[PDB]
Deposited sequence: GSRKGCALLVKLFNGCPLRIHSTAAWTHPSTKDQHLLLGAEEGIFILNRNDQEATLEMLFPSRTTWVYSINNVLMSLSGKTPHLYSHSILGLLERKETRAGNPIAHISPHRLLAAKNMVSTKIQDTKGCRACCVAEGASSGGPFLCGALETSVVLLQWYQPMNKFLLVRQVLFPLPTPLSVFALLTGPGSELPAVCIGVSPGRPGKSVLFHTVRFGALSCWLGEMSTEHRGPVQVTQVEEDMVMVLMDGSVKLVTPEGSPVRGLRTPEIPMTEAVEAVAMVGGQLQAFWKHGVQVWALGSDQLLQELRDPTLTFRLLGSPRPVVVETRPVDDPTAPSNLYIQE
């Protein structure tokens, strides 16, 4: 009804997805970070093929132009890959390990924008690394490494950028603020050493998610609700009612066409604007749904309930 099938019976264990379009061509290819390695999804006519590009286990994947960034290896490192190079090594290294990223547990992205980004932030043990996009070399460069108070286990790990921020800041948690209107972000600027005590609610209740969707708007999933707030955590005035209660046990959310897409164990819901309608909805108790990537593109995974051993089907939005 809403989801378009990409692949039938995927035997891979997929952790992360990102998109890429071949220059001088039309169709974008899906890049997949899997336990089995990095794959590209090709499609000649009505046949889809998953082609391996990089053999190391991969938990995180990200592309900009013709560069693929990845978190890979049994001992994790941040990598950069030439996508064209990877492809040319499979036609019938181009892959560089990045310094000081050994043991990296997680990477988040900030799409600049006024700050001369994009920016990558990798979490280590007692420190974080900050990488900045450097166009003249089409390369991310490590501009700052700093000691940082990292929770264990990592929960929220996102980059927030307010207007006027020269650099993004690190958000490693979120808490309730004004009941049903605002949130309190746990953001630490680079070089600062802060943490939050007391009512450090052990994982609130269930699913939590912090995702900056606009220069001055952050999407927050917390305590069965989705709030649209400023990067400082204030409610976004203009327009009205920036909160949407979740009817389902929503696990993940995304902002796509200015619309809110929610994902839960047995479905996908679409919501409109600042909070009003409910547009489309996909429900199926026989299928276990799982968000793989968002918002560009949205990639969703299904399996028969409840057979996690089974191969999966892949979809786009």
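For this session: Provide the list of deposited-sequence positions lacking C-alpha coordinates, grouped into contiguous ranges.
Result: Since the structure holds only modelled residues, the stretches it omits are 1-6, 99-117, 343.
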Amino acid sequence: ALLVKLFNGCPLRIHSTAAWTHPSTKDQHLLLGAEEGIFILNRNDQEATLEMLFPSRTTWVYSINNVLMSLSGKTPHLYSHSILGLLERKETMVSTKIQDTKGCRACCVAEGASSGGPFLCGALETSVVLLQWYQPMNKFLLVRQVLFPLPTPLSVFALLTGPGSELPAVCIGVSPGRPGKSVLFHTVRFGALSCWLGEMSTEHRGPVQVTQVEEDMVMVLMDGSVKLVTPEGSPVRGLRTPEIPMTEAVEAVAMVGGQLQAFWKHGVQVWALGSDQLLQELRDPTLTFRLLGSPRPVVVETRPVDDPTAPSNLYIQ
From here on, numbers count along this sequence of modelled residues.
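For this session: Look up the CA B-factors in the entry and say which stretch, 241-249 or 105-113, has the higher mean.
Result: Looking at the record's C-alpha B-factors, the answer is 241-249.
Problem set entry | Between the two ranges 7-15 and 297-305, the one averaging a larger CA B factor in the entry | Taking the mean C-alpha B-factor of 297-305 and of 7-15, the larger value falls to 297-305.
For this session: Can you pull the Cα B-factors for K90, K139, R144, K74 from the entry and say which is highest?
Result: Of the options given, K90 has the highest CA B-factor in the PDB entry.
For this session: Kindly indicate the residue among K181, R189, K97, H186 with the greatest C-alpha B-factor in the PDB record.
Result: Answer for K181, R189, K97, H186: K181, with the highest C-alpha B-factor.
Exercise. Relative to the other modelled residues in the chain, which third contains the C-alpha temperature factor of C171: lowest, middle or highest?
Worked result: Lowest third.
For this session: Please place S201 in the lowest, middle or highest third of its chain by C-alpha B factor as given in the entry.
Result: Answer is highest: the recorded C-alpha B-factor places it there.
For this session: Ordered by C-alpha B-factor within the chain, which third holds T49? Give me lowest, middle or highest, please.
Result: According to the entry, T49 has a C-alpha B-factor in the chain's middle third.
For this session: Would you please rank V128 by its C-alpha temperature factor against the other modelled residues of its chain and give the third it falls in: lowest, middle or highest?
Result: Lowest third - that is where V128 ends up once the chain's C-alpha B-factors are sorted.
For this session: Would you mind checking where the Cα B-factor of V236 ranks among the modelled residues of its chain, as the lowest, middle or highest third?
Result: Highest third, going by the recorded CA B-factors of the chain.
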